[PDB]
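Enquirer:
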DNA sequence: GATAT
RNA sequence: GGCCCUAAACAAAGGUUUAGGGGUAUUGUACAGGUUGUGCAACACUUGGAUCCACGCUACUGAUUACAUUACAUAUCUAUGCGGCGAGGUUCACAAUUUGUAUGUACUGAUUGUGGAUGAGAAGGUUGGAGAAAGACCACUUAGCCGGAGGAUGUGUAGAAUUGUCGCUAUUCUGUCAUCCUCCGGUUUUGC
Ligand SMILES: [K+]
Ligand SMILES: [Mg+2]
């Protein structure tokens, strides 16, 4: 068989409770609804992604940093092929309801639009440019994937497929994705005696089925979502279900913005309203009142309101608007400062590791009577300078080309000499 | 490998 | 202890409890069973040509049958750019001669062959194993940025820059020029 006829099939790289399968067995298995009705779903494996925000106070320069935790849960190989196949089925029915309601340009994330974040941010900044004096209201949903109510998700799933109730294979998948069960990966590796430093060594699955049934389940390692809300982040079906859940609210928010002569955009849980200035104080309370039917809440700490006025002939914002990795002040478009900061930390760690490897092999050349060598820097230039083809600078120059910004080019210009000075440091 | 959530 | 199957009990719910069983890597050969023709063929489906013939092709079923071979998500960009040349040796363990001896044996240096490892374009540490050695394997670990203003100093449409090195490409820069110092402002804007 050929993968090109079956776009849902992807081979995945992690270890789980079962082994990777071939295209022939996946295609024969997932196409039978009786197999889906009789399937034995394995638990998800789970861990937390760690993130830090550092924010010194600008009055007295005191340290403050906050740890942020994102719970992540990923499914087994055969389960991941079942979810990908049914997400492929649900996407075609979802896109027809997108085209019916003219929502094609409002809903941005997780759709195969052949567009990136640069084009979405460019479209938002061109709307403010055409609209003139206006306000941008930015809203964020609080705990989006963890707070989806299961009955609302079931009702939205029946409308997309167009039935009164879910069929049996769809209902089995809905049961597995809502009342899900998960096993903590570190506890499983501790109990089974698997090294956290090298797990794929002389094994192709985490354990035997006897070892699963005796050591995993009887030790209490399976934790079941018995609350009435939440779906796991890390399944192949979850992002589509997050788009399906929000559809009627997207229709209502497009109508609300269009009544007032404005525009509406949503990228996952990130929402942008571009409205005339007289509505900008009411808007967050109107959106907080109409989203209570979805049982999800706005994160009121993350609300940002910006205002654009003409100063001379140039449109000027009172503070710059951040949107999808870019900064816009009314005329100029810049990259986020945190993306350039992240590039700087990655570059410095790479150069420091290259110097450590240089020192390590120079000791060996001294021991065996060979002449010392300098720093090899093909890989450093491929990773961290413009000669590379798949790095941060190709993204930056691509963004400077698309958005027509000399300011992005002036941001990217000192990065060559900083890499050279870090090498000479 | 790079970007957005 | 979630999930699936079987059986029972209470009843009729997209049910609860008890008891027992289970978790399909890959590619083939046997073996076992269905549906059917007249013991031993035949088996699926999209599609084409005139029920029949043919192409594509998951080829009646087998995880619950044997045997054997082979080895974090979604969307987007792109797939450490490609190709020559370094390389003579060094090290470790055996084996065969000969180098100096004692009595073929017991030592000792060097030449000659076979096998492990290694230079090559940066994946770091440890008195930790294994090992004949290994640069390999196993075990345990590993304020910053952006915008603006003032200065001080240098400098100028073809040329410059970029990997151990060369070639073919490719990308970036070129007076709102570069490095460094000072001041002001921003950073709900960092997915292990
Ligand atoms: K080369
Ligand atoms: Mg926001």
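In our numbering, the protein residues as written are 4 to 428. Where a beta carbon is used, it is the ideal one built from N, C-alpha and C, also for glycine.
Below 8 Å on the Cβ atoms is my contact criterion, and I expect residue 329 with residue 338 to pass it. Report the Cβ-Cβ distance as a whole number of Å.
Expert: Mapped onto the first chain, residue 329 falls at position 326. Mapped onto the first chain, residue 338 falls at position 335. That belief holds up - the Cβ atoms of residue 329 and residue 338 are roughly 6 Å apart, short of 8 Å.
Enquirer: Among 18, 20, 26, 16, which residue has its Cα nearest to the Cα of residue 10?
Expert: Position 7 of the first chain holds residue 10. That would be 26, whose Cα lies nearest to the Cα of residue 10.
Enquirer: Can you have a look at residue 159 and say buried or exposed, based on whether 16 or more other CB atoms are within 10 angstroms of its CB?
Expert: Mapped onto the first chain, residue 159 falls at position 156. It counts as buried.
Enquirer: Among 295, 406, 335, 384, which has the Cα closest to the Cα of residue 155?
Expert: Here the question's residue 155 lines up with position 152 in the first chain. Looking at the Cα atoms, 295 is the closest of the given residues.
Enquirer: Would you kindly report the start and end of the unbroken beta strand (DSSP E) that includes residue 137?
Expert: The residue labelled residue 137 in the question sits at position 134 within the first chain. Start and end: 137 to 145.
Enquirer: Using a strict less-than 6 Å threshold between each residue's beta carbon and the heavy atoms of ligand 2, what residues do you get?
Expert: The filter returns 141, 143, 273, 305, in chain order.
Enquirer: Between the C-alpha atoms of residue 129 and residue 83, what's the straight-line distance to the nearest angstrom?
Expert: If you number the first chain from 1, residue 129 lands on position 126. If you number the first chain from 1, residue 83 lands on position 80. Each residue's Cα considered, the two are about 39 Å apart.
Enquirer: Nearest-angstrom Cα distance between residue 148 and residue 233?
Expert: Translated into the one-based positions of the first chain, residue 148 becomes position 145. Translated into the one-based positions of the first chain, residue 233 becomes position 230. So the two alpha carbons sit approximately 6 Å from each other.
Enquirer: Under a Cβ-count criterion, where at least 16 other Cβ atoms within 10 Å of its own Cβ denotes burial, should residue 227 be classed as buried or exposed?
Expert: Locating residue 227 in the first chain gives position 224, counting from the first residue. Classification of residue 227: exposed, given that the 10 Å Cβ count is below 16.
Enquirer: Whose C-beta lies closer than 8 Å to the C-beta of residue 184 among residues of the same chain, with five residues either side of it excluded?
Expert: Position 181 of the first chain, counted from the start, is the residue given in the question as residue 184. Excluding sequence neighbours, residue 184 sits near 46, 47, 225, 226, 227, 228.
Enquirer: How would you write the range of the beta strand (DSSP E) that residue 274 sits in, first residue to last?
Expert: Counting from one through the first chain, the residue named residue 274 turns up at place 271. Residues 273 to 278.
Enquirer: Measuring only the C-alpha atoms, how far is residue 202 from residue 376?
Expert: Position 199 of the first chain, counted from the start, is the residue given in the question as residue 202. Position 373 of the first chain, counted from the start, is the residue given in the question as residue 376. Going from the Cα of residue 202 to the Cα of residue 376 covers about 35 Å.
Enquirer: Count Cβ pairs between the stretch 302 to 314 and the stretch 162 to 177 that sit closer than 8 Å; are there 3 or more?
Expert: As far as the Cβ criterion goes, the stretch 302 to 314 does not touch the stretch 162 to 177, which means the pair count is below three.
Enquirer: Among the candidates 237, 12, 41, whose CA atom is the shortest distance from the CA of residue 51?
Expert: Counting from one through the first chain, the residue named residue 51 turns up at place 48. With distances taken between Cα atoms, residue 51 lies closest to 237.
Enquirer: Starting from the Cα of residue 324, find the closest Cα among 287, 359, 37, 142 and give me that residue.
Expert: Within the first chain, numbered from 1, the residue matching residue 324 stands at position 321. Considering only alpha carbons, the answer is 142.
Enquirer: Kindly identify the DSSP beta-bridge partner or partners of residue 53.
Expert: Numbered from 1 along the first chain, position 50 holds the residue referred to as residue 53. 72, per the DSSP bridge assignment.
Enquirer: Whole angstroms is fine: what's the gap from residue 136's alpha carbon to residue 321's?
Expert: For this step, residue 136 is matched to residue 133 along the first chain. For this step, residue 321 is matched to residue 318 along the first chain. If I take the Cα positions, the gap works out to 12 Å.
Enquirer: Might you give, ordered along the chain, the residues of its own chain that have their beta carbon closer than 8 Å to the beta carbon of residue 283, omitting 5 neighbours on each side?
Expert: What you label residue 283 is simply residue 280 of the first chain in a count that begins at 1. Contacts found: 138, 140, 308, 310.
Enquirer: Residue 418 lies in the alpha helix (DSSP H); which residues open and close that run?
Expert: If you number the first chain from 1, residue 418 lands on position 415. Its alpha helix (DSSP H) spans residues 418 to 427.
Enquirer: If contacts are defined as beta-carbon pairs under 8 Å, then residue 209 and residue 20 qualify, I think. What distance do you get, rounded to the angstrom?
Expert: Along the first chain, one-based indexing puts residue 209 at 206. Along the first chain, one-based indexing puts residue 20 at 17. With a Cβ gap of about 6 Å, residue 209 and residue 20 count as contacting.
Enquirer: Which whole runs of the alpha helix (DSSP H) in the stretch 73 to 133 are 4 residues long or more, in chain order?
Expert: Runs found: 80 to 103.
Enquirer: For residue 150, which of 373, 74, 53, 372 has the nearest alpha-carbon?
Expert: Sequence index remark: in the first chain, residue 150 carries index 147 (1-based). Ranking the options by Cα distance to residue 150, first place goes to 74.
Enquirer: How would you label residue 246, buried or exposed, when you count the other beta carbons within 10 angstroms and need 16 or more for buried?
Expert: In the first chain, the residue the question calls residue 246 occupies position 243. With 16 or more other Cβ atoms within 10 Å, it is buried.
Enquirer: I'd like to confirm the pairing. Which residues does DSSP put opposite residue 236 in its beta bridges?
Expert: Reading the first chain from its first residue, position 233 is the one you call residue 236. Beta-bridge pairing links residue 236 to 238.
Enquirer: Could you spell out where the alpha helix (DSSP H) holding residue 258 opens and where it closes?
Expert: As a position in the first chain, residue 258 is number 255, starting the count at 1. 250 to 262 is the span of the alpha helix (DSSP H), which, as asked, contains residue 258.
Enquirer: If you draw a straight line from the C-alpha of residue 404 to the C-alpha of residue 398, how long is it?
Expert: One-based indexing of the first chain puts residue 404 at position 401. One-based indexing of the first chain puts residue 398 at position 395. If I take the Cα positions, the gap works out to 10 Å.
Enquirer: State yes or no: is the C-beta of residue 402 within less than 7 Å of the C-beta of residue 121?
Expert: Taking the first residue of the first chain as 1, we reach residue 402 at position 399. Taking the first residue of the first chain as 1, we reach residue 121 at position 118. Yes, the pair counts as a contact, with Cβ atoms nearer than the cut-off.
Enquirer: Note down, in chain order, each residue of its chain lying with its Cβ closer than 7 Å to the Cβ of residue 72, except the 5 sequence neighbours on either side.
Expert: Taking the first residue of the first chain as position 1, residue 72 is located at position 69. For residue 72, where only same-chain residues beyond five positions count, the Cβ hits under 7 Å are 51, 53.
Enquirer: I'd like the span of the beta strand (DSSP E) that includes residue 266, first residue to last.
Expert: Walking along the first chain from the start, residue 266 turns up at place 263. Unbroken beta strand (DSSP E) run through residue 266: 266 to 270.
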